[PDB]
Every structure is written in structure tokens, then in C-alpha cells.
A.B. asks: 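First the structure, which I've put down as C-alpha cells, then a few questions once you've had a look.
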Amino acid sequence: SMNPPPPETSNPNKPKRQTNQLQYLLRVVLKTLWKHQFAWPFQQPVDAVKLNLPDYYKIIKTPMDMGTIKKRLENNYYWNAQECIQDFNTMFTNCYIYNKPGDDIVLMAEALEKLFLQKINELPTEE
Ligand SMILES: Cc1sc2c(c1C)C(c1ccc(Cl)cc1)=N[C@@H](CC(=O)NCCCCNC(=O)COc1cccc3c1C(=O)N([C@H]1CCC(=O)NC1=O)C3=O)c1nnc(C)n1-2
């Protein structure tokens with residue numbers, strides 16, 4: 001079995017910015033979620049080989065995880081905050097699609113998403 005390559009984190013042709021909103025997404029949002037007791041499954045791509053999930057990447061065709069998001073934020077991959085918010089949303093939705101309601105990992109993702117949304121409510125106005 002094999003894992004796919006990870007999502008892109010470097011592309012010199014993609015235009016970049018570091019807006020106050022993107023700074024907040026790293027400093028506050030990512031860093032707060034990262035330290036949560038339920039962060040660990042989401043801190044790196046799903047290793048479908050290690051976890052014996054041969055169907056994972058047959059079902060999940062837009063993989064995303066907080067390790068990738070952290071790299072994208074630290075390496076300024078984004079132009080805007082919405083791109084990053086979309087990555088978080090993709091991560092949560094993937095978990096809900098692959099797993100069943102009430103599964104432990106779904107409860108973990110839901111707790112992180114609740115926290116994420118709280119933090120997004122204080123996203124600063126773009127200066
Ligand atoms: C590092 C990561 S990343 C990650 C995860 C981890 C550990 C986790 C995860 C999970 C829990 C927590 Cl608290 C935290 C993280 N989750 C995975 C999903 C997962 O592992 N999904 C696995 C789901 C497996 C369930 N499926 C079965 O057990 C299928 O088994 C069946 C189903 C039907 C019939 C039979 C059998 C079976 O084994 N047998 C055997 C029995 C023995 C026998 O004699 N004969 C048989 O045929 C059946 O008859 C996941 N999804 N998103 C993320 C993120 N993750």
C-alpha cells in the first residue's frame with residue numbers, strides 16, 4: 001500500500017501575502033487548536049498505510065490536515081484568510097465523510113471545529 005504525496009506547501013509561482021488575518025490564523029487559531037488534547041490525529045496527513053485504511057484515499061480526494069496548514073501559514077503559502085479557513089473546513093469535512101456520526105474521531109473533530117469557529121468570530125478586520 002502507498003500514501004499519496006501530501007498537499008502542496010511550496011510553489012514559487014503562487015502569489016503570496018501575509019495579511020493581519022493570516023497572522024491571526026497562525027498566532028491564535030492554529031496554535032490554539034494545535035495544543036488541544038484532541039489535535040494529535042490532525043497534526044499530520046492521514047497515514048493510510050500505517051493505519052491500514054486502504055480505502056481512505058479512494059474516498060477522500062482533497063486531503064488536508066493541520067500539519068499542512070501549519071506549514072502553509074509558516075511558509076506564507078496563502079494570498080488570503082479564506083484559503084486557510086477553507087483548508088480547516090476541508091479537514092473537518094473529510095473526517096465527517098470518512099467516519100460515522102458518533103465515532104470517537106468525529107467527536108474529536110467536532111470539538112476542534114467548535115473551537116475553530118469561536119476563534120474565527122474574532123478574526124480581525126483586514127487592515
Ligand atoms: C493518527 C490518526 S489519523 C485518524 C485516526 C488516527 C489514529 C483515527 C482515530 C480513531 C480514534 C481516535 Cl480516538 C483517534 C483517531 N481514525 C481514522 C479512521 C480510522 O482509523 N477508521 C478505522 C475504522 C475501522 C472500523 N471497521 C471495521 O472494524 C471493519 O471490521 C469488520 C466489519 C464487518 C465484518 C467483519 C469485520 C471484521 O474484522 N471481521 C472479521 C472478524 C474476525 C473473523 O474471524 N472474521 C472476520 O471476517 C468481520 O467479519 C481517521 N480518520 N480521520 C482521521 C484524522 N483519522
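The analysis underlying the following values was restricted to heavy atoms, covering all of them including side chains, and did not include hydrogens, waters or symmetry mates. Whatever order the structure lists them in is the order used to number ligands and atoms, beginning at 1. Numbering starts at 1 and runs along the sequence shown.
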A.B. asks: Taking only heavy atoms of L53, which atoms of ligand 1 are found under 4.0 Å from at least one of them?
C.D. replies: 18 (C), 19 (C), 20 (O), 21 (N), 22 (C)
A.B. asks: Under a 4.0 angstrom heavy-atom cut-off, which atoms of ligand 1 come close to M108?
C.D. replies: 13 (Cl), 14 (C)
A.B. asks: Heavy-atom distances under 4.0 Å are what count here, so tell me which part of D103 touches ligand 1: side chain, backbone, both or neither.
C.D. replies: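 Answer for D103: neither.
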A.B. asks: For atom 18 (C) of ligand 1, grab the closest protein heavy atom and report residue, atom and distance to one decimal in Å.
C.D. replies: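 Atom 18 (C) of ligand 1 sits closest to the protein heavy atom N99 OD1, 3.4 Å.
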A.B. asks: Taking all heavy atoms of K35 and all of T32, pick out the closest pair and write down the distance.
C.D. replies: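 Scanning both residues, the minimum pair turns out to be CG-O, 3.3 Å.
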A.B. asks: Verify the contact flag for atom 20 (O) of ligand 1, where contact means a protein heavy atom under 4.0 Å away.
C.D. replies: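 For atom 20 (O) of ligand 1 the answer is yes, since some protein heavy atom falls inside 4.0 Å.
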A.B. asks: Which protein non-hydrogen atom lies closest to atom 5 (C) of ligand 1, naming both residue and atom, and how far is it?
C.D. replies: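 Of the protein heavy atoms, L51 CD1, 4.1 Å lies nearest.
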A.B. asks: Should the pair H36 and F38 be assigned to parallel (<30°), tilted (30 to 60°) or perpendicular (>60°) ring geometry?
C.D. replies: tilted
A.B. asks: Would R17 and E83 pass as an ion pair if we require N to O under 4.0 Å?
C.D. replies: no
A.B. asks: Is the shortest distance from a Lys or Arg side-chain nitrogen in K70 or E74 to a carboxylate oxygen in the other one below 4.0 Å?
C.D. replies: yes
A.B. asks: Are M2 and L53 linked, directly or through other ILVMFWY residues, by side chains that come within less than 4.5 angstrom of each other?
C.D. replies: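 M2 and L53: separate clusters.
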A.B. asks: Give the residue, atom name and distance (to 0.1 Å) of the protein heavy atom nearest atom 3 (S) of ligand 1.
C.D. replies: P41 O, 3.4 Å
A.B. asks: Counting only heavy atoms on the protein side, is anything nearer than 4.0 Å to atom 52 (N) of ligand 1?
C.D. replies: yes
A.B. asks: Do any non-hydrogen protein atoms sit less than 4.0 Å from atom 27 (C) of ligand 1?
C.D. replies: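 It does not; no protein heavy atom is within 4.0 Å.
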A.B. asks: Would you say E113 and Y96 make side-chain contact, with heavy atoms under 4.5 Å?
C.D. replies: yes
A.B. asks: Between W79 and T19, what is the shortest heavy-atom contact and its length?
C.D. replies: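 For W79 and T19, the tightest heavy-atom pair comes out as O-CG2, 4.0 Å.
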A.B. asks: Return yes when at least one protein heavy atom is under 4.0 Å from atom 33 (C) of ligand 1, and no when none is.
C.D. replies: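 No, no protein heavy atom sits under 4.0 Å from atom 33 (C) of ligand 1.
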A.B. asks: Evaluating non-hydrogen atoms only, which member of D65, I105, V46 is closest to atom 11 (C) of ligand 1?
C.D. replies: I105
A.B. asks: What are the two closest non-hydrogen atoms of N94 and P63, and how far apart are they?
C.D. replies: ND2-CA, 3.7 Å
A.B. asks: Looking at atom 13 (Cl) of ligand 1, is any protein heavy atom nearer than 4.0 Å to it?
C.D. replies: yes
A.B. asks: May I ask you to list the atoms of ligand 1 that are less than 4.0 angstrom from any heavy atom of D104?
C.D. replies: 13 (Cl)
A.B. asks: Any nitrogen or oxygen of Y56 lying under 3.5 Å from a nitrogen or oxygen in ligand 1? Just yes or no.
C.D. replies: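 No; every N/O pair is 3.5 Å or more apart.
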A.B. asks: Please report the C-alpha distance between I60 and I97 in whole Å, then the side-chain angles of each, then the deciding distance to 0.1 Å, and finally whether the side-chain contact (heavy atoms from CB on, under 4.5 Å) criterion is met.
C.D. replies: CA-CA 8 Å; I60 298 305; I97 289 173; 4.0 Å; yes
